[PDB]
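return atomic coordinates for the entry below.
(9 chains, ligands or ions: 7)
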Amino acid sequence: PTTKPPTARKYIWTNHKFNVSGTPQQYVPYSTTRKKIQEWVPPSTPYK
Amino acid sequence: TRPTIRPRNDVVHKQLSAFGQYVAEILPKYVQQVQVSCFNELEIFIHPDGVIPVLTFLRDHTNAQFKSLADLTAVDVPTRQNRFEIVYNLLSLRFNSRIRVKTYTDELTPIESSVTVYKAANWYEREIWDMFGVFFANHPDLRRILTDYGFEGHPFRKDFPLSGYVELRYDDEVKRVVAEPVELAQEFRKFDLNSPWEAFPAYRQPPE
Amino acid sequence: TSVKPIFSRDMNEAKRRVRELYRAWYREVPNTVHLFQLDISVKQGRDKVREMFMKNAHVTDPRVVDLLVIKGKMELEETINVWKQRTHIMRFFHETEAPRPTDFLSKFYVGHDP
Amino acid sequence: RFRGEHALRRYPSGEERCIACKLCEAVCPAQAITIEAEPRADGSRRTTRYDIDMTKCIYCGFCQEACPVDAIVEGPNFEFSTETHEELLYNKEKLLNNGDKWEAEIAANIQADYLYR
Amino acid sequence: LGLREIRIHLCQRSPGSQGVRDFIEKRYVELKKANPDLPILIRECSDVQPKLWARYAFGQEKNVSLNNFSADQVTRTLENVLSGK
Amino acid sequence: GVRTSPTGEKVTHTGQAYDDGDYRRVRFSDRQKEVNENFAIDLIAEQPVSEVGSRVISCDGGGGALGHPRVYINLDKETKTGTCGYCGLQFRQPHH
Amino acid sequence: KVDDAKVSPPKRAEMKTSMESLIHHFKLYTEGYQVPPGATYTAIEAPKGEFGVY
Amino acid sequence: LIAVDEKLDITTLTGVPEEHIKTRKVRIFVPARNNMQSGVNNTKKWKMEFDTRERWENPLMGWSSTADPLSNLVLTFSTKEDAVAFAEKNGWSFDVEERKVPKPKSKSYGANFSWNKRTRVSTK
Amino acid sequence: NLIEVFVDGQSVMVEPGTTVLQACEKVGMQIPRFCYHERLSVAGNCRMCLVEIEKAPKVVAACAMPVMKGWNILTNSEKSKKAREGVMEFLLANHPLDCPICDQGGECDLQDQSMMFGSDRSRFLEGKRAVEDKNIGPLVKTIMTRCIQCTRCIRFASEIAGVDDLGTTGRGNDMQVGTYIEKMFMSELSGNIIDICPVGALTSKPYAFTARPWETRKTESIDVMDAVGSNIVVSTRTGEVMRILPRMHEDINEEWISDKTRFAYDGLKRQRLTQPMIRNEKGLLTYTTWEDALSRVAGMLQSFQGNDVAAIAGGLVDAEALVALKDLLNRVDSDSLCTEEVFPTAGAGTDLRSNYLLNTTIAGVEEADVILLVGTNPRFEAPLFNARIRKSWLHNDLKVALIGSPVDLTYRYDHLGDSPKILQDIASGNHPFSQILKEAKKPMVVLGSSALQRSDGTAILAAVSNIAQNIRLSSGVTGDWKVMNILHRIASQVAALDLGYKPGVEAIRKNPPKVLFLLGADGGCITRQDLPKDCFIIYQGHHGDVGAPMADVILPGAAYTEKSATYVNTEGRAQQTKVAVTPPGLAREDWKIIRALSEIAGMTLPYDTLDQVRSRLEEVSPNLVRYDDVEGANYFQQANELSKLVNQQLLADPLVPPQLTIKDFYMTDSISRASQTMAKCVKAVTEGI
Ligand code: SF4
Ligand code: SF4
Ligand code: SF4
Ligand code: SF4
Ligand code: FES
Ligand SMILES: [Mg+2]
Ligand SMILES: [Zn+2]
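Residues are numbered from 1 along each chain as shown, chains lettered A, B, ... in the order given. Ligands and ions are numbered 1, 2, ... in the order given. Pasting the structure now:
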């Protein structure tokens, strides 16, 4: 890398990270999609 | 020249056609059809109860020394009355040739076991029974070969689901592996790939 | 029509084969309970054998009955030779499956299943 | 040519290369890719969900052959063993993080091997 | 005791429904005129025998087979239901 | 451009964030949420608009065979920029 | 590879330049190529003996 | 050869669970042409498919889950009679849909230029 | 007589005028094509269907060339193959490299026919053409660089939809398809240009980028937005409705669907009822359990009986739910069963089906000589019926006359007044249209169901029956042609009337009920000011619109995409929707809900499965279980004789349809009101641009 440095981008990580498994920095999966179906919110004002 | 097209061998096509006519003449009682595919493969369709005579002839005859059984398998075609199609692939070392013999059967009709002709038929027919449900009559030891002990159903039939009906896990309450109905965290996503436009006119079927 | 008989030409011969297989399975339950070190009773094993025999009591085809006794003989020889483990013998009992509701109201409460 | 951990790449501008065309999902032998897309706030064709089950993946590299924009790649990383099964079910944020961490080496490898493709 | 509706199921083509067709053709309008508030629903069967359903109070239903009846016999069977005998 | 939900949870570039009453937030306790900080929409908006003096331009994303399939964009509507829809790049004709 | 884009994929540069090549890349990697109907048994001399596919 | 007069029934031999034999109604049909394309090659054979069951969302990863073994099972038959016989011998309930074929149509290019009829087109 | 031609040497017997393409279709060969559609006129401009005749030195356009006697058509000859390769080369020469970002994706005819009939390599070494993108509204997205100038959208727009706003401007390689001005192509049949466009030039805007064709599973159901009962295909993906596509049925749907049918599936993801709801001590609706809600409802149902129990059925209810609710209310001797749609009960009433059916079927419009529309706007009440009328108009010079308000149908018609006094005049014989009807060989009278909602619906029905009787007497008595027709606009109306529901809510108004079951009743016909004080209301449904806000107990149900259900269309045909997805949350099937409620209340209904419910439907009305059948008996004589008895005076008001414009078309039912795409359509057609 000293002789042939890699191409620099603004989004490439500045600091490298090792494997963070077994630590509070470990990856936890989740669904990245929003809620498919919206339910109906009843009125807050009483009737009859 | 045509660099991207597979060349053909009309000499081998002629030799295979001649031998197919030869066999069809010698065994009129069982041979129903003979075909030669254009990549030079001879195929003989026989009545299902001529398995032992036809195989013994193809093994012992001087002009057909098919001493080796390359394979034995079945194909499931639910649209047919006899859905199962038993396929025998024979190899002749003396004449450096290969032949195929095809038979049909259904669920409740047995096929005579050919272990008296070829010894490889033993495990081949055990696998056919295990995976398709075809029973072979005089088989020395016919039982499951590939499926789990007590596995119910024959998985290679077209109507069998890909993931089956049960799945295994270890249960701590009973301290043993248990079998429970199948349940998938992500269901297999079935893709419809077939194009609505015809690809090969040469195989077009009559509108009927 | 004139279909090929696999083992039995009539339903009486098929019933005879069924009775022979039932005798074989009945006489093997004590040995199976002893060898596999199961925690069930011999009476429970015999009741399971009867129940498994009895869920095919609606069959009226001698060929289907012949195939059923063939498969029963195969799974009897898997038990005798101890090819099966305690796992499979106990798989005959479904000791871990939850009791599935059978009434309309319970099914309606649980979910969408018919 | 080595096929290791997967990554989602970006253009030099920082824009994601993936256009949610689902060719990788179609070609994946192991059905290890799950993709869901919708128009972005600027109208771009972009993914909202891009999952790869690394416990289902067979590391065959078909997804980067089938990608028309060089978005999904199989990077050089091979030392990414975890302690729980759930940590091996990557999502879009994890794959973009992998791309950002490994972009220099990924770019160098693609430059070295793109004339054989 | 309290009749709530009548339904007549007659197939459109079968010979067994010929009498029921004649009753509808010539005698239905008078019947509907005498009983304006009684729902007399005429529907069509496919290949089964003609039938007469009478729905009473609290969901009690009786079915009478009209197969191979005559036009006057259908009238008599229908008047038995309305009368009660 | 990351943003924080009212529950303290970071919001992803797709807008994902667990509700306050959602039980599924328990999985992040004593752990973290994997969120990529760079937003492609923000970066591509930060990109400037190129001006070329032709009705039709071509974009291949830069790099040639290392970009995207080459497409042609018609710069005739004077009320908007032509956007390459593979890479989201804006082009325009010199006005005034 | 066989110079037949209806069976083998085109090059990446051709795919990113040619309309026919892009179409064929898309179709090959999403649907695949159709094989004419038929059954074959082909065997080779694998190191463990005859390895065959029907 | 023996003579037995029974309807073929292989449910006891197929190994399917009782609920998936008895609570399932298959649909025998010819697929409708995909309206997005003009090809008619996918409307040649009859299909047999099962009724849709429940799919839910996985708590982790939000994938689509299922508990129905016969969800992706589709069988191809050359004839309605073959499909019905297969369903009958396997013991499933079935609903048959008669095949829909486009009716013959009278097309005439010269109709676009009628002297007195409304078929004359205003543009080409 | 039939002439003999040969396709690849095989003999075909074809009628004179049959084209080469149709003869090849007859022997089973589908010739490639882009500009040819069998529902549109013949263009012959894409030149993709060129074939070789045996002795002809020149290739012919198969789509526009009538066959001559003794022609041999060489469909797989060298000349034909080279012609296809050349044409495909030109098309792909100017096409853009947009396949990965194109919704046409795996369902593109350019791609499929390029893989089948074209070359695998490109010789084009020039620059491509880029075309400016037009804007024609919120439904159709135009990316016109992908257009292949096949002019299907122009022909479809003009001929089918009666809108001449599309055309080709300029000439040469720079010829463009569009409006030439910023005008929106808004019509009730606008998505069919999305369907017929072979390429990705016209794509669905709601469906944009969401899925790919291979992913989707296809469920064949029917449409419930109107009473035509159009056949559709629901495209789902991982348990989610993704798209609605047409399904061919040449006697109902004929490959087209309306915009409300196609683009209102977005309303199935909003305002959904997902859990049972009751009211707490504060009177606010709160979530509860199925057992709790059903126990409350069953307690009230056991408390009351007689005509103190009413049910109002809405427009999206199915035969199974209707018959289950009818049985449940009959178990308590109650009978206040009604629909929120009025039909005249004076005379024959609902006793004879050929008194509220569309007796001349949808396909029967194609044989009529004269058609008289009374008090309806078929363009918005039943867009496919109006499309059939326009098709018959164009291809048979059908004379259409409309009595009442002068709405804009897509074809020229003869306007007659605005008042039912014209209807009185025609029956007498004063009007010239009386002579036209008398001399017509096949007349048809269609009375819109919206006109029967007036205070004088019985009088209008009597007047039109008098007109039909006059037609029958003067013209031929014999024949199977039927003149009298009624066009419905509600999906559940015909099924309810068959089951024996009392049309309209007059019974509820007359005897206000203590307990009221609103089964999908979102029309707001009956409200709490009509009901007695402390009335108990159970709203069973799938959207929270009106009944849910006013209800005491809320029971979530299933939609047509989520239940297998039976619906009877306006011509009396019965069809069944299949299950595409499952009901969300704790929502259940409607008949299952009613059956569970009956079992809890102690009056258990005698059916436990869908087959048993269908058997009960067969007991009540067998036509509900005869599905594709449409043939029925005609009782016009009895109906007319019973109608002559009681007559009222026609109101002196003009016959004004409820829907006069396309916005009124867009916002019709609960799902349409919940949809956001329909809101966008309303905004676009109201505020323009
Ligand atoms: S490497 Fe192969 S198995 Fe893994 S995600 Fe890519 S295509 Fe799928
Ligand atoms: S093939 Fe590439 S661009 Fe297409 S969906 Fe996959 S990662 Fe995205
Ligand atoms: S219209 Fe067809 S060929 Fe053209 S870019 Fe779209 S998918 Fe590709
Ligand atoms: S927009 Fe589509 S339908 Fe219209 S001419 Fe172009 S390719 Fe044909
Ligand atoms: S299909 Fe005949 S020229 Fe277009
Ligand atoms: Mg299109
Ligand atoms: Zn670009």
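
my read is that residue I:418 contacts residue I:404, right?
Yes - using Cβ atoms under 8 Å, residue I:418 is in contact with residue I:404, at 5.4 Å. (Each C-beta comes from the backbone N, C-alpha and C, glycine too.)

what's opposite the spatially most central residue of chain H in the beta bridge?
Note on chain H: the residue nearest the mean C-alpha position is residue H:29, at 3.3 Å, using Cα atoms, centre = their mean. When bridges are called by DSSP bridges, residue H:29 pairs up with residue H:47.

residue of chain A closest to ligand 5, please.
The nearest approach of chain A to ligand 5 comes at residue A:36, 41.4 Å away (Cβ to the nearest ligand atom).

ugh, wrong one, I meant chain D
Closest point on chain D to ligand 5, by Cβ to the nearest ligand atom, is residue D:21, at 29.3 Å.

can you tell me the SS state at the residue lying closest to that residue once chain neighbours are set aside?
With sequence-adjacent residues excluded and distances taken as Cβ to Cβ, 6 or more residues apart in numbering or on different chains, residue D:21 is closest to residue I:100, at 3.6 Å. Under DSSP: H, G, I helix; E, B strand; the rest coil, the three-state class of residue I:100 is helix.

check contacts around residue I:100.
D:19, D:21, D:23, D:68-69, F:69, F:86, G:26 (Cβ atoms under 8 Å, 6 or more residues apart in numbering or on different chains).

can you redo the residues you listed as TSV with secondary structure and neighbour count?
TSV is the format used below for those (DSSP: H, G, I helix; E, B strand; the rest coil; neighbours: other Cβ atoms under 10 Å in any protein chain shown):
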residue	secondary structure	neighbour count
D:19	coil	24
D:21	coil	26
D:23	helix	28
D:68	coil	24
D:69	coil	23
F:69	coil	24
F:86	coil	26
G:26	helix	24
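
helix or strand next in line after the top strand by length along chain D, which one?
Determined from DSSP state E, the single longest strand within chain D is strand D:45-53. Counting by DSSP states H and E, the next helix or strand C-terminal to strand D:45-53 is helix D:62-66.

do that next one and chain G meet at all?
Yes - residues of helix D:62-66 contacting chain G under Cβ under 8 Å from any Cβ of the partner chain: D:62, D:65-66.

all helices of chain E, in order?
Secondary structure of chain E by DSSP state H: the helices cover E:18-34, E:71-83.

in three-state terms, label the residue of chain C positioned farthest from its centre for me.
Most distant residue from the mean C-alpha position of chain C: residue C:109, 32.5 Å away (Cα atoms, centre = their mean). Secondary structure for residue C:109, judged by three-state DSSP, is helix.

before we move on, what about residue B:100?
Assigned by three-state DSSP, the conformation of residue B:100 is strand.

specify the beta-bridge partners of it.
Assessed by DSSP bridges, residue B:100 has beta-bridge partners residue B:43, residue B:89.

was I right about it contacting residue G:41?
Yes - using Cβ under 8 Å, residue B:100 is in contact with residue G:41, at 6.8 Å.

ok, back up a step: more neighbours: residue I:418 and residue I:404, which one.
Between residue I:418 and residue I:404, counting by other Cβ atoms under 10 Å in any protein chain shown, residue I:404 is the more crowded of the two (24 against 16).

what count of nearby residues applies to residue C:13?
With other Cβ under 10 Å as criterion, residue C:13 counts 15.

ligand 6 versus residue B:152, what's the distance?
48 Å (Cβ to the ion, to the nearest Å).

same deal with residue D:107?
37 Å.

same thing with residue I:435?
Separation of residue I:435 from ligand 6 (Cβ to the ion) stands at 49 Å.

how about the nearest residue to that residue, chain neighbours excluded?
Leaving out its chain neighbours, the residue that sits closest to residue I:435 by Cβ to Cβ, 6+ apart is residue I:429, at 7.9 Å.

residues in contact with the closest residue to chain I within chain B?
Going by Cβ to the nearest Cβ, chain I is nearest to residue B:207 of chain B, at 3.8 Å. Residues near residue B:207 by Cβ under 8 Å, 6+ apart: I:26-28.

just to be sure, which of these are found in helices?
Within those, residues falling in helices by DSSP H are I:26-27.

for stretch E:30-47, buried residues please.
Using 16 or more other Cβ atoms under 10 Å in any protein chain shown as the burial criterion, the residues of stretch E:30-47 that qualify are E:31-32, E:39-45.

residue I:120 and residue B:4, how far apart?
Taking Cβ to Cβ, to the nearest Å as the measure, residue I:120 falls 10 Å from residue B:4.

for residue I:134, same thing?
Distance, residue I:134 to residue B:4, by Cβ to Cβ: 43 Å.

those two: which has the busier surroundings?
residue I:134 (21 against 10).

so that one: helix, strand or coil?
Of the three states, residue I:134 takes coil under three-state DSSP.

so which residue of chain H comes closest to chain F?
Taking Cβ to the nearest Cβ, chain H has residue H:59 as its residue nearest chain F, at 6.6 Å.

centroid-wise, who is the farthest residue in chain B?
For chain B, the largest distance from the centre (Cα atoms, centre = their mean) belongs to residue B:173, which lies 44.4 Å off.

for that residue, give me its contacts.
Counting by Cβ under 8 Å, 6+ apart, residue B:173 touches residue C:96.
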